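Below is one structure, written out as structure tokens, with a few remarks after it.
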Amino acid sequence: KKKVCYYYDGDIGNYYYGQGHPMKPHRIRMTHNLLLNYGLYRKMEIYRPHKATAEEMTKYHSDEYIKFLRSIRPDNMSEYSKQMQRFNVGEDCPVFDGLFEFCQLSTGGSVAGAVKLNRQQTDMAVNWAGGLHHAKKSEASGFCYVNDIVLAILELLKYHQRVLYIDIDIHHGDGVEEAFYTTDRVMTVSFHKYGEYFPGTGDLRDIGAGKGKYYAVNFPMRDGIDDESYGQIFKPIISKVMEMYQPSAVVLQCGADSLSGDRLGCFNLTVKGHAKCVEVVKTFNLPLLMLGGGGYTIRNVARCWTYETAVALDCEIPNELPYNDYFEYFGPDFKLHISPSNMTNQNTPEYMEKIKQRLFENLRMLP
Amino acid sequence: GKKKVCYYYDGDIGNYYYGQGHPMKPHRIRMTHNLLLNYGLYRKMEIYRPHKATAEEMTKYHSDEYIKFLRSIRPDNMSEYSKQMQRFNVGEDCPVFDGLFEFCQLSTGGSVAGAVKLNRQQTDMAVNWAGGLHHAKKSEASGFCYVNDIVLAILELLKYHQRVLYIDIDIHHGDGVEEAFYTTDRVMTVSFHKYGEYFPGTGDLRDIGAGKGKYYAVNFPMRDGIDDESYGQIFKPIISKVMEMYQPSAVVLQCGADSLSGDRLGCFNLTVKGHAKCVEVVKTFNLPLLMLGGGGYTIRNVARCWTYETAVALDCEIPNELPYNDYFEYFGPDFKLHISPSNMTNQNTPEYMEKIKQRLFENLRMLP
Amino acid sequence: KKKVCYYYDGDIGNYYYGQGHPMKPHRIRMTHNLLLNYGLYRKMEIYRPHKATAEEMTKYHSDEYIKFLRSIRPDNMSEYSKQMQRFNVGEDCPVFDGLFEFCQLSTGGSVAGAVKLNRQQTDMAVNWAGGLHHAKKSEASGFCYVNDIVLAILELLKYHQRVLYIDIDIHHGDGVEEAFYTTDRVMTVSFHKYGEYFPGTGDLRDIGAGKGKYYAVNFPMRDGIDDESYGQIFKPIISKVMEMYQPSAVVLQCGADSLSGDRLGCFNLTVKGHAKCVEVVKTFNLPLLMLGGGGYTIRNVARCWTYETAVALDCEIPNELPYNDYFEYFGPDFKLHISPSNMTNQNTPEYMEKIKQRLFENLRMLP
Ligand SMILES: [Ca+2]
Ligand SMILES: [Ca+2]
Ligand SMILES: [Ca+2]
Ligand SMILES: [Ca+2]
Ligand SMILES: [Ca+2]
Ligand SMILES: [Ca+2]
Ligand SMILES: [Zn+2]
Ligand SMILES: [Zn+2]
Ligand SMILES: [Zn+2]
């Protein structure tokens, strides 16, 4: 069947955002340990990504911002207060030990993955430490400092005329959208919570500009969407995008903060419902880069990305979790799949149908 | 909802003549007025005649020596003032004409009277199309402008308002206003203008203010041929962010019509609807607003533009079919209010516009 | 630090070859404006070239040809139809307004630079308006009218016994190679596309004649050479030449039509890979005259010669372009450095090594 390359650096789990910060890079090491215990390592090639250089990052980001990220340290923040304000670093995007190397490792895997797809050495590349969709050319945002997605897409664009980016993180992928907002060579499609919610962008009316008009697609949702409502909008929209846009490569950001029970998210998807998106994208048989993203209930991120790796591999894995280094975290059930909550779905059928119809109208405006 | 609008007009303004072949025609203000009367917009607004601003008023900004020269110089005594004419940059672009000082007094009186009415909360909006003379400097004429009514009106506003936002959509850089306020944070100046080998030569986006004023000057340099779509996609986002970060309590909008398609001196491609979208954007913030004229050299389009911007200020839909008026033949061959863009190339790519916007947003982050 | 002087005349960008003609002197004005906005003027001496006189030009070119260039105008062309034919002016080398002054300004910067180098007033001289390597003794060729390189080298040869000429334009530098083909006082080294390509000369087997046998070196290449491949043969070739020939002055023609994406060329070098050539030549610490040459995607010509000027000054400059008078021409990315394309490199590793080995054989035949 299909070949799968997978990127993991065993140091990624050691980076620490600071006491009380919801972002926990350990979740990637948990993910990896669970998947190795299911035996999915016998079925894919595992590579340690090279660290992305600062020069590689300045393909998109400004030199002064990258020089700042490379220079700032917890003990020198006082000498950089004007730069912190300029680049939005210090609060929600804190300065921690090893910040710059954390950026190099996350970016390294995404770019390596793109390179391996360009060379046709693989069908699918996976980098769960990637997916940092909020970072901007000269600004950190939303816990993200360097936009690994944009840099991987710039690499795909050397060999692919049209690239399709799909984003199922609960948040609008605003950094990626902004990077490509005036081009038709990248189509961005984001499903997200919208309305008094971070980052504030991703309105139905934001459809791109210039040559990029109609090549940005946003599906704004309210709280509580569930597996059935979501899957009934995802498949028809992505089907129509594939038909109208005909991309030659696809990048899928699989942020797990859209899962029921997420610490910061308000959606009601299960692991099966989230992974249904992966299965759908796979049926189009295009070179695929699968990336991580948000996810704050870390036992549920590990289950989500494990199951999505198995989907990538076309492997049915048992519901009963194998023994692993983090086994106790998954109690008291020790199952792979999760139950939705009883939260109210605030997306009415009329609302969902009205949005879908507008997006179909916009997709009909493509060449 | 709908605002009180006070409108300033002196029926004498149209008689001032810059001289043979000079492209500034104050007659365009009389055309604008006549067109708006004929659409019936006078029923909806209060029409006031500006006072003649005095030397006391003008020297709140300009030098006593400059304003004394302006009060003294005449076509008949020019030959005695050859030296001073050089010093104050009067005599070529900024000619000596009969009634020069009175034209300055009338232009200025409407802007300053409007600022007073706003300060007193007697109106939500004040309009002076004879104003907007943004190039004049503290001791020098420039770019057809002699007295900076804008700087004087902003000084009047600053008596009651801690922060004033100035927005300039004339095709030229609003350099006299920027220079006056370059070292203060109490006026933020935002100019969109053609930049590169074009008058007055200033307004690089790297000019951002200085001292307490650093970050409170915003310049958006553009190339030839900009059109409604391109302009409208950067103006609303920049103005929204400026409003968010600076939180002004009054606004002054210079609406120079030399940014329209077909302008004799300008090289942009905006329609009357594209230019007026700026007024509509600024209005949505519901702040006391002084709307001023500025350049504009194809006079039939100037009258169209300012008539429509008045109707916008009034929330009043006017028909595209122009009513009969005293200047009706100047609006041929179509006799419509709206204009079409030309086929000129837009040298401002959508990437260039987003890139400049992104660079100015980085500077707006530096506001406290 | 080695001293750099740089020549530019502000009128150069106004000369126009005519509608549809690919050579655009405006590229020189774009280059100048980018390096002014990078701040590099602070670090070099900038001079306006003199207009070279007919006396200077006839140090090489025939009196009759220079007299014709001085005379010919769009409004008297009808009267000169036979001379146009004889001197090959009027087609790919059009008659245009101010032709002769264009020639004078380009030549004046190269000869003036060589005079500064001979007087030991500078270590490096740069003239991006120069590098017109196809012009012949009595005829125009390849958009070139007056061979400023040959005249500069004749200036250098007043003070220097041996001068090395290196040419990294994609075309063989035939006018220079021909001028010196029978002398050992100039060694000419050209790397160029060869095989049914302009100007048709520059075979590996063309090695000089008479006293100049072995003092012409040609490295013929195929489409798609990349930075990796070019740099692996340029350094060893140039090092061996320097060891065996021991020049006391170097002239480097930096034609940018060897860059990826050129409108007329077929190579895949980036600005970094092209500028590595300048870095290598600089390590020998010889008086160096750096000249322009072809280049037809003018945004990338401006990037390349700006970055090469920075290299001459030993100054790294940021990838983020500064605002400048032509900033819109550098979209969509507004970065200094460019990416290679996915074009196939037709130069195999074995081909490169085999040709390298053949040239190393010829080089071993020097004293
Ligand atoms: Ca999303
Ligand atoms: Ca797009
Ligand atoms: Ca302006
Ligand atoms: Ca200011
Ligand atoms: Ca060559
Ligand atoms: Ca020789
Ligand atoms: Zn998220
Ligand atoms: Zn103007
Ligand atoms: Zn060439």
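Here is how names work: the chains are called A, B, and so on, in the same order as the sequence lines, proteins then strands, and each is numbered from 1. Worth knowing before you read on, the calculation uses all heavy atoms, side chains too, and leaves out hydrogens, waters and symmetry mates. Atoms within each ligand, like the ligands themselves, are counted from 1 in listed order.
For the Ca ion (ligand 6), the set of nearby N, O or S atoms under 3.0 Å includes one belonging to C:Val186. Among the atoms of C:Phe180, an N, O or S atom falls under 3.0 Å of the Ca ion (ligand 6). Backbone or side-chain N, O or S atoms of C:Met187 do not reach the Ca ion (ligand 6) at under 3.0 Å.
Two rings, from A:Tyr230 and A:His274, have their centers 6.0 Å or more apart. In this structure, A:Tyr16 has its ring center no closer than 6.0 Å to that of A:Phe96.
Here the N, O or S atom of A:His171 that is nearest to the Ca ion (ligand 1) is O.
A distance-only check finds a donor-acceptor pair linking the side chain of A:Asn127 to the backbone of A:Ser106 [under 3.5 Å]. Judged by distance alone, with hydrogens and angles left aside, the side-chain atoms of A:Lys24 form no donor-acceptor pair with the main-chain N or O of A:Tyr296 at under 3.5 Å.
Around the Zn ion (ligand 7), protein N, O or S atoms at less than 2.8 Å comprise A:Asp169 OD1, A:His171 ND1, A:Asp257 OD2.
The only option from C:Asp148, C:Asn147, C:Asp167 that meets the side-chain hydrogen bond (donor to acceptor under 3.5 Å, both in side chains) definition with C:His133 turns out to be C:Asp167. Evaluated for a ring-ring contact (aromatic ring centres under 6.0 Å, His included) with C:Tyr245, the options C:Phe284, C:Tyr215, C:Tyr165 yield exactly one hit, C:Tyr215.
A cation-pi arrangement is not found for A:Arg185 relative to A:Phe180, the charged atom failing to lie both closer than 6.0 Å to the ring centre and inside a 45° cone about the ring normal.
Vertex the Ca ion (ligand 1), arms ending at OG of A:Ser190 and OD1 of A:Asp167: the angle is 100° after rounding to 10 degrees.
Side-chain contact annotation: C:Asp174 with C:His172, donor-acceptor N/O pair under 3.5 Å absent.
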